[PDB]
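Participant:
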Amino acid sequence: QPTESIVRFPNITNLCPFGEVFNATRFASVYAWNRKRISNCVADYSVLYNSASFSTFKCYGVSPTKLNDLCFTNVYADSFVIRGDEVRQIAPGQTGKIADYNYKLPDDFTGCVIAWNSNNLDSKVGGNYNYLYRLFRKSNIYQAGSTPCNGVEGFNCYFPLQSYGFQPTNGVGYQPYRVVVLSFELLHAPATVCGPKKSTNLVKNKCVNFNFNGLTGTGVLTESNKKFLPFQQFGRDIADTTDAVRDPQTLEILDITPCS
Amino acid sequence: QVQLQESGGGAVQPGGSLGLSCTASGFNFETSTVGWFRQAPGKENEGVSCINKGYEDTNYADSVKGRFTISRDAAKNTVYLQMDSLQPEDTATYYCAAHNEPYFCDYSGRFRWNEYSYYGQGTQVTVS
């Protein structure tokens, strides 16, 4: 019987730029609440599982521990900043003003939503006045009234700005917090986004199962010195078998012999 | 925009009655909810009454249940609140308010202070 099962995978290089969440220092432009496409990179979610220091991270359609198994064409990272009273109401299948009247999410929207404390860093003692609301849709220059002013003072004609009452003094339930949605899309495209695939320590000259980048087999390995360039997989001098296999870290060429 | 005018406040003696009136303009509040909120010194802003004229469905705060009656006049386009057996806790400045989304049914009126988008000047009622 084979002794133990073995998997060997290459070192991780492409880290998702989630660091724009840990080290975000500034707010986005008014037109551009942060909606970014994420592709051609490996998404490391392992830190989020055991971080446990942030307000919420609840996410639906996929079990948390199987993210590395699934592969998606695209990831949309949509980040806003909203107040606390709506944090439990930002969820697929629920109601609300912003989620319904600005951009639609499907009732069974599968994706992963996190809410972040900004109490001691981004909150302002005098109040940050950067928060606006879009309130109305009737059907599928912007004036709050119905009649156009045409540059003439009168009814439904207003002043550019009056001081607005935004204050931090409100209670704990009422501070604003940051919201980020990571949406996974699986569509008709070559698989480019893959989760990190962890490997183990290597043991030689024992009857073992081996799994090299998905290549599964069983046997015991011996070193072969035949001339293969590192990028070479297929060749026809023996024409019969997947002769040799190459570790990603160590470029050594190993052939297999079956056990009893 | 929407403009609100409250009137009818004053001084009352406990056991009496008072009549508040809310006049709305800039929007047709005949198929939408309009309500009365209060704020008192040392007390949080609390909604006390609301009426939806679409079927005139009524709601009152638990603190005011069984004591106040709210009605809506289409001909006057106003909201009239009648207060019977007033108590000292009813002494407050009253605001007339409405929901951003106009409702079209028997919806009970929300009495959370966050419920107002446009707000009037308010009228004082002192039960003393």
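Read top to bottom, the protein sequences are chains B and A.
Sequence positions in the first sequence follow the deposited numbering and run 321 to 460, 472 to 591.
Everything in the second sequence is counted per the deposited numbering, starting at 1 for the first residue and increasing by one.
C-beta: ideal position from N, C-alpha, C; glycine also.
#1: From the DSSP output, in three-state form, read off residue 450 of chain B for me.
#2: Can you list the residues of chain B that residue 100 of chain A reaches, using a CB-CB cut of under 7 Å?
#3: With DSSP run on the structure shown, which of helix, strand or coil describes residue 88 of chain A?
#4: Mark residue 332 of chain B as exposed unless 16 or more other C-beta atoms lie within 10 angstroms of its C-beta, in which case mark it buried.
#5: Assign residue 98 of chain A to buried or exposed, taking buried as 16 or more other Cβ atoms, counted over all protein chains shown, within 10 Å of its Cβ.
#6: Out of B:535, B:433, B:503 and B:569, point me to the one whose CA is closest to residue 328 of chain B's CA.
#7: Just list the alpha helix (DSSP H) runs in the stretch 324-350 of chain B, keeping only unbroken ones of 4 residues or longer that don't cross its boundaries, in chain order.
#8: Mind checking residue 123 of chain A: buried by the 16 CB within 10 Å criterion, or exposed?
#9: In chain A, which residues lie with their C-beta within 7 Å of the C-beta of residue 404 of chain B?
#10: Quick one: is residue 476 of chain B near chain A, going by C-beta distance under 8 Å?
#11: Considering Cα atoms alone, identify which of B:583, B:504, B:578 and B:584 is closest to residue 330 of chain B.
#12: I need the boundaries of the alpha helix (DSSP H) containing residue 522 of chain B, first residue and last residue.
#13: What does the Cβ neighbour count give for residue 90 of chain A, buried or exposed, with the cut at 16 atoms within 10 Å?
#14: Provide the residue span of the alpha helix (DSSP H) that contains residue 371 of chain B, from first to last.
#15: Can you list, in chain order, the residues of its chain with a C-beta nearer than 6 Å to that of residue 390 of chain B? Leave out the 5 residues immediately preceding and following it.
#16: For residue 1 of chain A and chain B, any beta-carbon pair shorter than 8 Å?
#17: Which whole runs of the beta strand (DSSP E) in the stretch 14-93 of chain A are 3 residues long or more, in chain order?
#18: State buried or exposed for residue 51 of chain A, treating a residue as buried only when at least 16 other CB atoms are found within 10 Å of its CB.
#19: Taking its Cβ as the centre, do 16 or more other Cβ atoms sit within 10 Å of residue 415 of chain B, making it buried, or is it exposed?
#20: I believe residue 540 of chain B touches residue 325 of chain B by the beta-carbon criterion, under 8 Å. Please report the beta-carbon distance rounded to the nearest angstrom.
#21: Could you give the distance in angstroms between the alpha-carbon of residue 43 of chain A and the alpha-carbon of residue 453 of chain B?
#22: Determine the contact status of residue 469 of chain B and residue 387 of chain B, defining contact as a CB-CB distance below 8 Å.
#23: Can you tell me whether residue 86 of chain A is buried or exposed, with buried defined as 16 or more other CB within 10 angstroms of its CB?
#24: Let me know the secondary structure DSSP gives residue 504 of chain B once reduced to three states.
#25: Excluding the five sequence neighbours on either side, which residues of its own chain have a C-beta within less than 6 Å of the C-beta of residue 398 of chain B, listed in chain order?
#26: Could you give the C-beta distance for residue 113 of chain A and residue 59 of chain A, rounded to a whole number, given that I count them as a contact under 8 Å?
#27: Hey, how far is the Cα of residue 463 of chain B from the Cα of residue 392 of chain B?
#28: Looking at residue 493 of chain B: is its Cβ nearer than 8 Å to the Cβ of residue 447 of chain B?
Facilitator: Taking the geometry as given:
#1: Coil.
#2: Neighbours of residue 100 of chain A on chain B, chain order: 455.
#3: In the structure shown, residue 88 of chain A adopts helical secondary structure according to DSSP, grouped into three states.
#4: Around the Cβ of residue 332 of chain B, a 10 Å sphere holds fewer than 16 other Cβ atoms; the residue is exposed.
#5: Looking at its Cβ environment, which holds 16 or more other Cβ atoms inside 10 Å, residue 98 of chain A is buried.
#6: Cα-wise, what sits closest to residue 328 of chain B is B:535.
#7: Taken in chain order, the whole alpha helix (DSSP H) runs of length 4 or more contained in the stretch 324-350 of chain B are 339-342.
#8: Counting the other Cβ atoms within 10 Å of the Cβ of residue 123 of chain A gives 16 or more, which makes it buried.
#9: Under the 7 Å cutoff, chain A gives no residues; its nearest Cβ is about 12 Å from residue 404 of chain B.
#10: Residue-level contact check: residue 476 of chain B touches chain A, since one or more beta carbons of chain A fall below 8 Å from its beta carbon.
#11: Measuring from the Cα of residue 330 of chain B, the nearest candidate turns out to be B:578.
#12: In this chain, residue 522 of chain B is not harboured by any alpha helix (DSSP H), its DSSP state being neither H nor E.
#13: Residue burial annotation: residue 90 of chain A is buried, with at least 16 other C-beta atoms found within 10 angstroms of its C-beta.
#14: Its alpha helix (DSSP H) spans residues 366-371.
#15: Excluding positions up to five away in sequence, the list is empty.
#16: Flagged as an interface residue toward chain B: residue 1 of chain A, by a C-beta distance shorter than 8 Å.
#17: Fully contained in the stretch 14-93 of chain A are the following beta strand (DSSP E) runs of length 3 or more, in chain order: 17-25, 33-39, 46-52, 57-60, 68-73 and 78-84.
#18: Residue 51 of chain A is buried by the Cβ-count criterion.
#19: Exposed.
#20: Rounded, the Cβ-Cβ distance is 4 Å, consistent with contact.
#21: Each residue's alpha carbon lies about 28 Å from the other.
#22: Since the model of chain B passes from 460 to 472 in one step, residue 469 of chain B is not part of what is shown.
#23: Classified as buried, residue 86 of chain A has 16 or more neighbouring CB atoms from the shown chains inside 10 Å of its CB.
#24: The answer is helix: DSSP assigns residue 504 of chain B an H, G or I state.
#25: So the list reads 355 and 512, once near-sequence residues are dropped.
#26: For a cut-off of 8 Å, the C-beta gap from residue 113 of chain A to residue 59 of chain A is around 15 Å, too long to register as a contact.
#27: Between 460 and 472, chain B has no modelled residues, which means residue 463 of chain B does not appear in the coordinates.
#28: Taking 8 Å as the cut-off, the beta carbon of residue 493 of chain B is found no closer than this to the beta carbon of residue 447 of chain B.
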